[PDB]
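Residue-level listing of the chains:
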Amino acid sequence: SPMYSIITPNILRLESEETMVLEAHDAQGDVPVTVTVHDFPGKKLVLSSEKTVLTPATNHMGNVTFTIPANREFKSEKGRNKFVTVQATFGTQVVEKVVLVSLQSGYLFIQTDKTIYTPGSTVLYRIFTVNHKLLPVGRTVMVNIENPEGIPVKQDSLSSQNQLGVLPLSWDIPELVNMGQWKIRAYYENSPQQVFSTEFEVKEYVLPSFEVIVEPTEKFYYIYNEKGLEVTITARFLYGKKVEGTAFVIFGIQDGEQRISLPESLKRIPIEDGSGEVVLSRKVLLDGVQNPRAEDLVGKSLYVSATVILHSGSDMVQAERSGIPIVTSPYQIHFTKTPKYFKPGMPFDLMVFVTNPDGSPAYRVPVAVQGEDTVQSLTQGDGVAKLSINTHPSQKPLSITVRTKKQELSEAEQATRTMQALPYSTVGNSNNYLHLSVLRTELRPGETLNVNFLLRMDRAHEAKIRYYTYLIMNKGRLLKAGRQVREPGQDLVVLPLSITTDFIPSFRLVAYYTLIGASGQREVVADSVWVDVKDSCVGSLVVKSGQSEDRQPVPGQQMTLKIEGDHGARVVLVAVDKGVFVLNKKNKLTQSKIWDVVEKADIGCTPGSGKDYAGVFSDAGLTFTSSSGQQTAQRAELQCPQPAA
Amino acid sequence: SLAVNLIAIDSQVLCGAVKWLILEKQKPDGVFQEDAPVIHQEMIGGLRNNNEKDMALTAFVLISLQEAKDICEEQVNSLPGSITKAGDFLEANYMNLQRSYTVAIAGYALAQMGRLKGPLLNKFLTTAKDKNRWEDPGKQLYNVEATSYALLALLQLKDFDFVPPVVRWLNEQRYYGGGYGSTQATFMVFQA
Ligand SMILES: *[C@@H]1O[C@H](CO)[C@@H](O[C@@H]2O[C@H](CO)[C@@H](O)[C@H](O)[C@H]2NC(C)=O)[C@H](O)[C@H]1NC(C)=O
Ligand SMILES: *[C@@H]1O[C@H](CO)[C@@H](O[C@@H]2O[C@H](CO)[C@@H](O)[C@H](O)[C@H]2NC(C)=O)[C@H](O)[C@H]1NC(C)=O
């Protein structure tokens, strides 16, 4: 008989849309499908809507949607796991599966007008309330303001319905206050365990009139450098003119969370032409430490503290550069974007993520496989290099070691990393695989991407493969799915995929085929891959000057603010002196941190592939269950398993 | 009575069994009488012992009817008068009991009505040995079966000072059920 199949994500979310993808395999004629969601454990029936008919004109496909409500009965358990049950009845044959549920319902982002405030001043703050799709939602938010030792002093409750997801609010700081770090915490009413937070500082200050930049030549220190670490000083007024003064600068060492200061590292340099330069030599650093070994210095970090005063002597700025690593290697190699599962006897692609010692991506550094010097490649803009091997059918794990080949640098300076990949397990060791391959570029919305599907099986069963089934996972929900048909002899087929703004910042593609092979046994073989998308806005808000002349306008002058942006959008504004940010630039919100928060909320844990077809879906973040019996592995943990590191 | 939270038990058949037990198989003084003992005599557990059998069998059916009271109070209006007649019989002949099994099963039956008080409570407390079990001489299966009803009585009476030695004793025995003649013992220890 035909086999019925249901595909859904691993984890379902409250107060948001959830995609449900229904398919029948090898089916004949129409088959009606009714859909039901029950609770777990027991039966109280939470959703009984939706039905559809799988049609051979549609290749027995049918995608239907639903939404999970939450009430006082759902929100009851807040600390431990709870589950629900999805029911779909294909004609007379029912297929059902228990699903893990997350209690999260969206995102909260908090903007403050300043990052640091005075006693007796006003704090202006806007809370943006969005769902999981980063679209404005109208819900009730509970916000609290806490003291340095954690005492809530002011709390609010308000709904953003019909306000386009914006809650503008205000509060006045009393003069009776304890200076230090103050915290704003917020959570939705229907998700009290998901707590968002951002911080600010309270201090007694006046703004400075200039900024001081401390610039290391390299953002690391190589221990055997006889010259030592060079740190360039740049100082200029806030309106952009050069600062004349004298700087006092001192160095120090950070080991873990504890900082150690080097007292004799103090120097005194004049700041001329808006600049200065100071060098901490290798002898002074080794004289500062009481351990004469250079080997124990590896793994710790340095910090610089500077104090600059103008030659008028009327103002003073203290700046700090910190977290500068003491390392043997100017690069860090990671297999973080490489799958740990190879296909035996089929070539395998390696995506090598190389960074600078601080963590910033390295640009145009050549790396090579340890085996054979001929296979070399340079990193792209995002710090990713493309390597590949021609795999043998070894059922033994394959160790992969990658080492950089950048010129002039010694072998002690060449970084390296060693991992061990694992073989794909076919059903019954049939050696019938699916291999995916794709371009590796920075993806912008509007480009097309060629997806390549390679079939490997004996030719007696190649005529039974008439289609592929693909799905797209993006931001923890199914965005698109469908069939790609195949005629016999076409082991490779190509599917163009157009990139839209919905695919930002990263997405996973899964694909599979199915048949009855070997001795009359149902076989499922799958494959997956993770693709990075260039981080950008879904829309495009730009702020520029309306005037084209009268550079540096007069205080109080009228000027035209020109705002280009998407039609129908609501924009919020704040204009801040940069001298606030020279005092404290921490906790500034940006679009890149927004996509970083979404990537930290991703339910997929691996850059593709897997130990089997079930491991492919489970690592991608998907659940599968068939009427014949083949289904995904059970998952009862929301978080991803931690690597050994 | 436990499966109505799991599957769709027919209410007309279930309270029909309750009506058939009250009218046909209950004497007018409160005693339930069995007219066909089971083929597998091992699955009844400690009820196979013929000593104090009429008191123990009356307590078993009374516990089963009181747990199915909420569904069948609407269907059969003679249920609480049947419970009162059976309860009067067990309360009057309670102090004559000697087995720790019969004291325990009557204790949970009397506790749901609220009649396990005073000397009936004191005899129930002093029936326990080492303050963690209600033991009878013989196999350990009957003693764990007996202590299982008494732990349900302590939870019904809402006296939780005497409960944690009993549950700690049940975990120390390490009983996992199954086996020849284990049907009553396995079902009651996990419900407890
Ligand atoms: C008085 O207020 C201060 C804050 O001005 C509090 O003491 C602080 O406690 C934190 C730890 O939570 C320390 O990090 C600060 O250094 C402390 N401030 C000091 C010592 O000035 C506290 O509420 C009160 N402390 C005293 C000593 O009276
Ligand atoms: C699932 O079904 C919905 C039907 O509501 C599809 O939405 C339509 O898709 C077609 C073709 O992509 C568009 O031309 C229509 O404009 C869409 N409907 C609306 C109201 O906009 C959806 O694309 C299907 N998705 C999958 C993965 O099959």
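Judging from the entry metadata, X-ray crystallography is the method by which this structure was determined, and 6.150 Å is the reported resolution.

Q: Would you mind showing me how to read a positive patch on the surface here?
A: Residue and element names in this part refer to chain A. There is a patch of like positive charges on the surface, built from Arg236, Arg321, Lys578, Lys585, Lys588 and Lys593. Secondary-structure assignment places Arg321 in strand β25 (residues 316–327). Residue classification places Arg321 among the partly exposed residues on the basis of a relative accessible area of 34%.

Q: Please clarify how the domain arrangement of chain A should be interpreted in this entry.
A: How big an interface is tends to be stated in terms of accessible area lost as the parts join. Looking at chain A, the domain boundaries give domain 1 (1–106 + 601–632), domain 2 (107–207), domain 3 (208–329), domain 4 (330–431), domain 5 (432–536) and domain 6 (537–600). A straight line from the C-alpha centre of domain 3 of chain A to that of domain 5 of chain A covers 52 Å.

Q: What's the story with the environment of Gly138(A) in this structure? I'm lost.
A: Residues and elements named next belong to chain A. Residue placement: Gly138 occurs in the loop between β11 (122–130) and β12 (140–146). On the accessibility criterion, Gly138 (15% relative accessible area) is buried. Setting aside its immediate chain neighbours within four residues, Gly138 contacts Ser159, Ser160 and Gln161.

Q: What is the right way to look at the site of ligand 2 in this model?
A: Residues and elements named next belong to chain A. Taken together, the residues surrounding ligand 2 are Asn63, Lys480 and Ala481. Within the side chain of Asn63, an N or O atom sits 2.4 Å from an oxygen atom of ligand 2. Coverage of ligand 2 by the protein amounts to 20% of the 590 Å² it exposes when considered alone.

Q: Looking at this structure, I do not really get the sheet that holds strand β14 (residues 166–172) of chain A. What am I missing?
A: Strand pairing in a sheet is mediated by backbone hydrogen bonds. Such pairs are either parallel or antiparallel. Residues and elements named next belong to chain A. One open sheet holds the three strands; their spatial order is β9-β11-β14, and the pairing between them is antiparallel. This sheet does not close on itself; its edge strands, each paired only once, are β9 (107–112) and β14. Each neighbouring strand pair of the sheet contributes to a mean axis angle of 25°, computed without reference to strand direction. Where β9 and β11 come together, six bridges link them in antiparallel fashion.

Q: I'm lost on the UniProt feature "disulfide bond" in chain A in this one. Help?
A: Residues and elements named next belong to chain A. Formation of the UniProt-listed bridge between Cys605 and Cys640 is supported by an S-S distance of 2.0 Å, under 2.5 Å. You can see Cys605 sitting in the loop between α3 (591–600) and α4 (613–620) and its partner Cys640 sitting in the segment after β43 (622–626), a full 35 residues away along the chain. Judged by its relative accessible area of 31%, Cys605 falls in the partly exposed class.

Q: Please explain the environment of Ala24(A) as it appears in this structure.
A: Residue and element names in this part refer to chain A. Relative to the assigned elements, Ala24 resides in strand β3 (residues 17–25). With 166 residues separating them along the chain, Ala24 and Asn190 place their C-alpha atoms 37 Å apart. Excluding its chain neighbours within four sequence positions, the residues that come into contact with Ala24 are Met3, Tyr4, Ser5, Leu54, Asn59, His60 and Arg483.

Q: In this structure, what is going on with the pairing of β25(A)? I would like to understand it.
A: A regular strand carries its side chains on alternate faces of the sheet. All names here are of chain A. Here strand β18 (residues 221–222) pairs with β25 via two bridges, running parallel. Its bridge partner lying in β25, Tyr221 is registered against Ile326. Sheet analysis places strand β24 (residues 301–310) next to β25, joined by nine bridges and oriented antiparallel. Within β25, the position partnered with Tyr303 by the bridge is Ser322.

Q: Please explain the packing of aromatic side chains as it appears in this structure.
A: Two numbers describe a pair of aromatic rings. These are the distance of the centres and the angle of the planes. Under the criterion given, the structure shown has 17 aromatic pairs over all chains. Between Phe237(A) and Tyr239(A), the ring centres sit 5.5 Å apart and the planes meet at 0°, which makes this aromatic pair stacked. A centroid spacing of 6.1 Å and a plane angle of 80° characterise the contact between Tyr101(B) and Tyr149(B), whose relative ring orientation is edge-to-face. With a gap of 48 residues between them, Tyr101(B) in helix α5 (residues 100–113) and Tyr149(B) in helix α7 (residues 140–157) connect regions that are remote in the sequence.

Q: In this structure, what is going on with the state of the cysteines? I would like to understand it.
A: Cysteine pairs can be linked by a disulfide, which is a covalent bond between their two sulfur atoms. Inspection of the entire model under this criterion finds two disulfides over all chains. For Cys605(A), the disulfide goes to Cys640(A), at an S-S distance of 2.0 Å. With the S-S bond torsion at -80°, the cross-link from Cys605(A) to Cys640(A) turns out left-handed. Linked covalently through their sulfurs, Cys15(B) and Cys72(B) form a disulfide whose S-S length is 2.0 Å. Measuring handedness by torsion sign, the sulfur bridge of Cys15(B) and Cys72(B) sits at about -90° and is left-handed. Residue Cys15(B) is found in helix α1 (residues 11–24), and its partner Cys72(B) is found in helix α3 (residues 69–72); the two are separated by 57 residues along the sequence. With relative accessibility at 4%, the residue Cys15(B) sits in the buried group.

Conventions used here
Residues numbered from 1 in each chain as written, not as in the entry; some residues may be left out. Chains lettered and ligands numbered in written order. Part of a larger assembly, values for the part shown. Heavy atoms only, no water. Patch = residues over 30% accessible without salt bridge, like charges linked within 9 Å, V, L, I, M, F, W, Y side chains within 5 Å. Areas by Shrake-Rupley, 256 points an atom, 1.4 Å probe, with all protein chains shown as cover. Salt bridge = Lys/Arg side-chain N within 4 Å of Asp/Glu carboxyl O. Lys, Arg positive; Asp, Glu negative; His and termini not counted. Charge placed at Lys NZ, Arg CZ, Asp CG, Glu CD. Helix = DSSP H or I, 4+ residues; strand = E, 2+ residues; numbered from the N terminus. Buried < 20%, exposed > 50% of the residue type's maximum accessible area, 1.4 Å probe, protein only. Domains from an automatic or database assignment. Contact = heavy atoms within 4.5 Å. Near = heavy atom within 4 Å. Polar contact = N/O pair within 3.5 Å; in protein donor to acceptor, adjacent residues only side chain to side chain. Pairing = 2+ DSSP bridges. Axes fitted to C-alpha atoms, helices over the stretch in contact; angles between N-to-C directions. Disulfide = S-S within 2.5 Å. UniProt positions renumbered as here; feature names shortened; annotations may be inferred. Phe/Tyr/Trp six-rings, centres within 6.5 Å; stacked < 30°, edge-to-face > 60°.

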